[PDB]
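Chains as they are written, first to last, in the deposited numbering: chain m, 1 to 151; chain w, 1 to 35, 41 to 101; chain j, 114 to 225; chain o, 3 to 129; chain h, 1 to 206; chain r, 5 to 102. Ideal Cβ placement from N, Cα and C applies to all residues, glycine included.
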Amino acid sequence: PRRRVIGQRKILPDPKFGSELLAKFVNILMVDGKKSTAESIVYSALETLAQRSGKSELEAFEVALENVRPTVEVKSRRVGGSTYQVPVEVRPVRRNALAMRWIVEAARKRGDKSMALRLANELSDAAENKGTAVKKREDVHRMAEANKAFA
Amino acid sequence: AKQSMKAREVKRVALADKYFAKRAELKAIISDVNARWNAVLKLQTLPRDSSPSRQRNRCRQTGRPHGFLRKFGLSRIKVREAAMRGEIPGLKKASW
Amino acid sequence: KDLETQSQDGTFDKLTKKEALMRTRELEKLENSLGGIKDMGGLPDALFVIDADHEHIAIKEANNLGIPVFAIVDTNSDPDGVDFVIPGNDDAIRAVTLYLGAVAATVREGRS
Amino acid sequence: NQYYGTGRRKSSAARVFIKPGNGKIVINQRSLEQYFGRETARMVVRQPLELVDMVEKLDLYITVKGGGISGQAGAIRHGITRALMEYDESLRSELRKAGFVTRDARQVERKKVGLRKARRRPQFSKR
Amino acid sequence: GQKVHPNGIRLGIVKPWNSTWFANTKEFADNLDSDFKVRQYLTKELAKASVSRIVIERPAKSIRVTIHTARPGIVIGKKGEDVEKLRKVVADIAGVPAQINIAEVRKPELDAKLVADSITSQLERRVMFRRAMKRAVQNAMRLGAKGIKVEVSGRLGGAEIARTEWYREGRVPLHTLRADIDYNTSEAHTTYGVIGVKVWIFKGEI
Amino acid sequence: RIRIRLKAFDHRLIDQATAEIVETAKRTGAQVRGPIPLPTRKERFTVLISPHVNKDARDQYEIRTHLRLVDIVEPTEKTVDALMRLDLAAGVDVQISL
RNA sequence: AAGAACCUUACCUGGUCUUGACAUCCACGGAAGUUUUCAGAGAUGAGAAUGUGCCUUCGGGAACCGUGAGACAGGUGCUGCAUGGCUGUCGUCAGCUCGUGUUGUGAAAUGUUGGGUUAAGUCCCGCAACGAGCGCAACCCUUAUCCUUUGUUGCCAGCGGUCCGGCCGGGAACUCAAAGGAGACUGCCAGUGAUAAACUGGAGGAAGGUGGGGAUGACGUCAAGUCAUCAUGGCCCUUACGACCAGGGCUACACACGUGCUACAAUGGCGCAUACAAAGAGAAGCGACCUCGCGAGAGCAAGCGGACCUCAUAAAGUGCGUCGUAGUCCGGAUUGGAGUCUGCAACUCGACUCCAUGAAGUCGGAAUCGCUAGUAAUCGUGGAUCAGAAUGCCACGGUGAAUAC
Numbered sequence: 001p002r003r004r005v006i007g008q009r010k011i012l013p014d015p016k017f018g019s020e021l022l023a024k025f026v027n028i029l030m031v032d033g034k035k036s037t038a039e040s041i042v043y044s045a046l047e048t049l050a051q052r053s054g055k056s057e058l059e060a061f062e063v064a065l066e067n068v069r070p071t072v073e074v075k076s077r078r079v080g081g082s083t084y085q086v087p088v089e090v091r092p093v094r095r096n097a098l099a100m101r102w103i104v105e106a107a108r109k110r111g112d113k114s115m116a117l118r119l120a121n122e123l124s125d126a127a128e129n130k131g132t133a134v135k136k137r138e139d140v141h142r143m144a145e146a147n148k149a150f151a
Numbered sequence: 001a002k003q004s005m006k007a008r009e010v011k012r013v014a015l016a017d018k019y020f021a022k023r024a025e026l027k028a029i030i031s032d033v034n035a041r042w043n044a045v046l047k048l049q050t051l052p053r054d055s056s057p058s059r060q061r062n063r064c065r066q067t068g069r070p071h072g073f074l075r076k077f078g079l080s081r082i083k084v085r086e087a088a089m090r091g092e093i094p095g096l097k098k099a100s101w
Numbered sequence: 114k115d116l117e118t119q120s121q122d123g124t125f126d127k128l129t130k131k132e133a134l135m136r137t138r139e140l141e142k143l144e145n146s147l148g149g150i151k152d153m154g155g156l157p158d159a160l161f162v163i164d165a166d167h168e169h170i171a172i173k174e175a176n177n178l179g180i181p182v183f184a185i186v187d188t189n190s191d192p193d194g195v196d197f198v199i200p201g202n203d204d205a206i207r208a209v210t211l212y213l214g215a216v217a218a219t220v221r222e223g224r225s
Numbered sequence: 003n004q005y006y007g008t009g010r011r012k013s014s015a016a017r018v019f020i021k022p023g024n025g026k027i028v029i030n031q032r033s034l035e036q037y038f039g040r041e042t043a044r045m046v047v048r049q050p051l052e053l054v055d056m057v058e059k060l061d062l063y064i065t066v067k068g069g070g071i072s073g074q075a076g077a078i079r080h081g082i083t084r085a086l087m088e089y090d091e092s093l094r095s096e097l098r099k100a101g102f103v104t105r106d107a108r109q110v111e112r113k114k115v116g117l118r119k120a121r122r123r124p125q126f127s128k129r
Numbered sequence: 001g002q003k004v005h006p007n008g009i010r011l012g013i014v015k016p017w018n019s020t021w022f023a024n025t026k027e028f029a030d031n032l033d034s035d036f037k038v039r040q041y042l043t044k045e046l047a048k049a050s051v052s053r054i055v056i057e058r059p060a061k062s063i064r065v066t067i068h069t070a071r072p073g074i075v076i077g078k079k080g081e082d083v084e085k086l087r088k089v090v091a092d093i094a095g096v097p098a099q100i101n102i103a104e105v106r107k108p109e110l111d112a113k114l115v116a117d118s119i120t121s122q123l124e125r126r127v128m129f130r131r132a133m134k135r136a137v138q139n140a141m142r143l144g145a146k147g148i149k150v151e152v153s154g155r156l157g158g159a160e161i162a163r164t165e166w167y168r169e170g171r172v173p174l175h176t177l178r179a180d181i182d183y184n185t186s187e188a189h190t191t192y193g194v195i196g197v198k199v200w201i202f203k204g205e206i
Numbered sequence: 005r006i007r008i009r010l011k012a013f014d015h016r017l018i019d020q021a022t023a024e025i026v027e028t029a030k031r032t033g034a035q036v037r038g039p040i041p042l043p044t045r046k047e048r049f050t051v052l053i054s055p056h057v058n059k060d061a062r063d064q065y066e067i068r069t070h071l072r073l074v075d076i077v078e079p080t081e082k083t084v085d086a087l088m089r090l091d092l093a094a095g096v097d098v099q100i101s102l
């Protein structure tokens, strides 16, 4: 964790869309190595969000990603016994991954009977910054604005 | 290494074939459901110990019952003792 | 010497490059430090030092064993370890090179 | 005629032998549908065919042995890529450049004594 | 105890087996016990022979029993005065018609078994250990042996303090797979406990 | 006809034993389909190396078993008769099916 | 311990004996079928030989017992602190040392310390050091690439006979089935580099930077397990601290702990047109013909030490709809009612089917541990007992998740 390098790894996308972004979404939506049902629910969610939004599905997807987008964060170091953190602009790849996982966890925060219905409804109401994960984005923003007093 | 133990085992395996393979055959002949009557139940003069199925067939080198091995008829420690001395063809260290 | 004689007849390359690499890269590296002593087979009769203080090891071994010394001394050396002295300067590299040439010439002439 | 292809990938090899005819794929004397192909990797078999032209160049009979489904798809892809190079190396340059001939040696690691799985040991005992 | 058995890994690479035959696994045990019994019989009746080892070969309803003994003084005898008697008793105890063949081995001191047993013998014969290993190593080295090693641990000359000693000279590439190695362990029976010996030899690299 | 099967655990020994017999029949025979590799047996025998607890310390033992076939089709009866009484394989048995 | 009612076994209950449990030069014989008799939980008993293998004066016995006497112990006690064989600890840690020579009156350093470095005492430069072992490196398997011999108890493209008889003439482009040869060694260029070693790319990535995995575990610390495996050191129990026959202990149970398994649902019990597994065991054994069993399976059950004859059917899914929110159609820990193979029979006590049985649990105290690419997890197979079933233990083929500033 101190000598290794980063190779910018990439794994199997969905051939219909063929986008690395959608590739990473579907590949992190995977659980325990599940392909058929996971991709089926992914496409169900995509078609349902397109139906409810009415606009183009891909641009609605981009608008949702922009809505969930956070800006800054800090890292815990425990230097002087009090909160002594240097606000570091998180990596664009890491920022994107964290936004992905916040969306996935916002989806995960329910226990609904039907995974497809729950996923579609929550992502659709989160597409216009009024769903579930935007509260987490606001909470993370509130975690900022105060860690710059110590640098 | 109990020598009375080894004597019992040797005599029981000696009687595990001369007193067997015919009493069990007689039982199997009279074990048929068609009438089996009290003859099979009254023919229990067998000690039921000489039967190989209910006989341990212990290792016969140092009398350690643990690690009985059908392939060699030995115990683990003596298999290590003798195989490493060679003299057992075909046995090489395994890796893959 | 046995290793180099075997290497001119031995295997060229086998598996890892280390076993053959150690065979040849060290040849000229330690050969230069050995020079031509293979032809010597004995004990020297004289010695030479370009700076007595810096290379006093050879003179110390010499007077420990008893080899006469013909060295060059200058203003910063320690000439107490030398009795047969040739005063000179350590900066004059051309002069000492011609000095070595002249002494080699008079040795090769000698009485022969 | 035939095209040379064996396609070794993830313990799966497929004898891709292409003859003139239709672009349809016959798997185990059967089509992909009644082979029940709406399972995993339902569309990856046509990704190698997605970019290249189909026209009337490929008709093949295929048998696949070993692996699950990703093994089957990898065997198909490797075999067809091995059979594809009949058209000189001009295609193979971009075939490699796009990773179409990707062969991965990520086979299974043997189970190890003392560990109940590939890399999991007993939970560390009490201090 | 951490060191691995030396010839154990060697056997599967370059060293021939101590026996080479085939029988089904159930009677394989009987064959192995017959081999053990003939080993005990041969090493007890020929205690004066100081045999290096005995190799068993089992053909169909027969056995060869090749023997490598240091000196042929009693191995052959007077043109078959006793060898046929040994053949007869071996065949009778083993229950199979057996033949016996004889071969000779050079340089008895290069044998690990012979030197170890000899060292145990002088230690039984009230002499100092130091001279024992030193004489052994000097005699073995001068005979063209490129490298050897000895080890004695236990009681040293009657001292009751713990004693563990080893001594080596020459090349011993023990952790190299293609190194010829001879290994043995013998025992002594001095009055104050058993003395354990150990020895390693090396002869060739390829 | 009259194929010959050998069951050995030494690859060089079985190779030489099948490279002698094939020309033993080829002294006055002909044809022969050719050498075949045949499958092999594999068994991993494990045993507790230590005599006292500590199951983790073990070791792996295996025994090989090679098989060789020739599949002569049309030989002459003379050499196939001469096969017997010339057995030289010591410690390894040959398998023949009538 | 890869293992228990009976032997195991050494603990108990019910009942008796030491030249002994069992091995001798043996002292005399029947030359070791043990026949019927029943009692008795039982080494409890004891009773006639009907057969007479060896022979050259059965001129030696019986290899077994019938008699108490010249093979000797049955050990379950110390001693690892006297120990030899044996295994674990640090630890795949990067060190431990030696011969020549020197400084120093001397205990000893010196080589093994300085800079660049690398998985590393792996290298290179400088210096009173030069060299050498014990180690890592390499010498072995396996797979990822290509080759020649290679086709059966055959995997088929081929012309056709096909009901999908590879039987013909079979072939190489066949994974497959084992012997051998190449493949990679930082090649060669460009950069950072003292011109040193190393670190960044390109025809190679079908394999590039020890290709990835396994065995290979240096002197030594642990008074650790092994005189119960074993040979003893100083000794020892002694009608034996043994011989036995049946029922019983490790499966049980009012204590704290740990490892492992289905659980907290709507992806689990649902039925249907229903697809591809490498890879083993197999003769006190594997058992294709038919029939039925809410079932364990019940009987004729062929062929076979093997590509012959048992488990390839793989689950991983298309769509019908459900519990469409909770103790819920989730969750199936209990006592008795009929069986599968059980040894002689299942009683702390063989494991499996059909029910009356779904209690507690709606993802979890202050948390720790294992885990940097086929890897953590999610499904499905062989081995050990085998008179008998595996949550586990020893090995397999699937689907596969990044945080390493």
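Contact set between residue i and chain o, taken where Cβ atoms lie within less than 7 Å
| i | result |
| --- | --- |
| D60 (chain r) | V115 and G116 |
| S44 (chain m) | Those do not exist, as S44 (chain m) stays about 15 Å from chain o at its closest Cβ, beyond 7 Å. |
Inter-residue Cα distance where the pair is residue i and residue j
| i | j | result |
| --- | --- | --- |
| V198 (chain j) | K142 (chain j) | 33 Å |
| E91 (chain o) | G101 (chain o) | 15 Å |
| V110 (chain o) | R118 (chain o) | 15 Å |
| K97 (chain w) | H175 (chain h) | 18 Å |
| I103 (chain m) | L52 (chain r) | 52 Å |
| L119 (chain m) | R91 (chain m) | 28 Å |
| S40 (chain m) | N129 (chain m) | 25 Å |
| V65 (chain h) | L26 (chain w) | 46 Å |
| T83 (chain r) | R72 (chain r) | 19 Å |
| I64 (chain o) | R17 (chain o) | 6 Å |
| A103 (chain h) | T69 (chain h) | 7 Å |
| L123 (chain h) | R135 (chain h) | 13 Å |
| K21 (chain o) | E88 (chain o) | 12 Å |
| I180 (chain j) | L156 (chain j) | 9 Å |
Nearest-angstrom beta carbon gap, residue j and residue i [assumed within contact, 8 Å]
| i | j | result |
| --- | --- | --- |
| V115 (chain o) | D60 (chain r) | 6 Å |
| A99 (chain w) | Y65 (chain r) | 5 Å |
Neighbour list for residue i in chain w, Cβ cutoff strictly below 9 Å
| i | result |
| --- | --- |
| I56 (chain h) | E92 |
Chain-ordered chain w contacts of residue i [CB-CB under 8 Å]
| i | result |
| --- | --- |
| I67 (chain r) | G95, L96 and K97 |
Residue i: contacting residues in chain o (beta-carbon distance under 8 Å)
| i | result |
| --- | --- |
| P92 (chain m) | The contacting residues do not exist; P92 (chain m) stays about 24 Å from chain o at best. |
Within 7 Å of chain h by C-beta, residues of the stretch 77-100 of chain r in sequence order: Listed in chain order, the positions of the stretch 77-100 of chain r with a beta carbon within less than 7 Å of a beta carbon of chain h are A94, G95, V96 and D97.
Identify each residue in the stretch 4-29 of chain h for which the Cβ-Cβ distance to at least one residue of chain w is less than 9 Å, and report them in chain order. Cβ contacts with chain w come from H5, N7, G8, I9, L11, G12, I13, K15, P16, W17, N18, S19, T20, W21, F22, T25, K26, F28 and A29.
Check each residue of the stretch 41-65 of chain r: if its Cβ is closer than 8 Å to any Cβ of chain w, include it; give the result in chain order. Against chain w - using a Cβ distance shorter than 8 Å - the residues of the stretch 41-65 of chain r are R48, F49, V51, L52, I53, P55, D63, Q64 and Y65.
For the structure I just gave you, are there three or more beta carbon pairs, one from the stretch 109-123 of chain m and one from the stretch 40-51 of chain m, closer than 8 Å? The stretch 109-123 of chain m vs the stretch 40-51 of chain m: in contact.
Counting only Cβ-Cβ distances shorter than 8 Å, please list the residues of the stretch 93-119 of chain h near chain r, keeping chain order. Those would be none; no residue qualifies.
Mind checking the stretch 26-52 of chain h against chain w and listing, in chain order, the residues whose C-beta falls within less than 9 Å of any C-beta there? Going along the stretch 26-52 of chain h in chain order, one finds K26, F28, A29, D30, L32, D33, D35, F36 and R39 with a Cβ nearer than 9 Å to chain w.
Counting Cβ pairs, one atom from each stretch, are 3 or more of them under 8 Å apart for the stretch 27-44 of chain h and the stretch 93-111 of chain h? Here the stretch 27-44 of chain h makes contact with the stretch 93-111 of chain h; the two share three or more CB pairs at distances below 8 Å.
For the 8 Å Cβ check, are there 3 or more pairs between the stretch 64-72 of chain m and the stretch 135-149 of chain m? Enough Cβ pairs lie closer than 8 Å, so yes.
Inter-stretch contact (C-beta, 8 Å, three-pair minimum) for the stretch 186-196 of chain h and the stretch 110-125 of chain h: A contact is defined here as three or more CB-CB pairs under 8 Å, and the stretch 186-196 of chain h meets this definition with respect to the stretch 110-125 of chain h.
Can you pull out the residues from the stretch 58-78 of chain w whose beta carbon lies closer than 7 Å to at least one beta carbon of chain h? When CB distances to chain h are screened at a threshold of 7 Å, the residues of the stretch 58-78 of chain w falling below it are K76, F77 and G78, in chain order.
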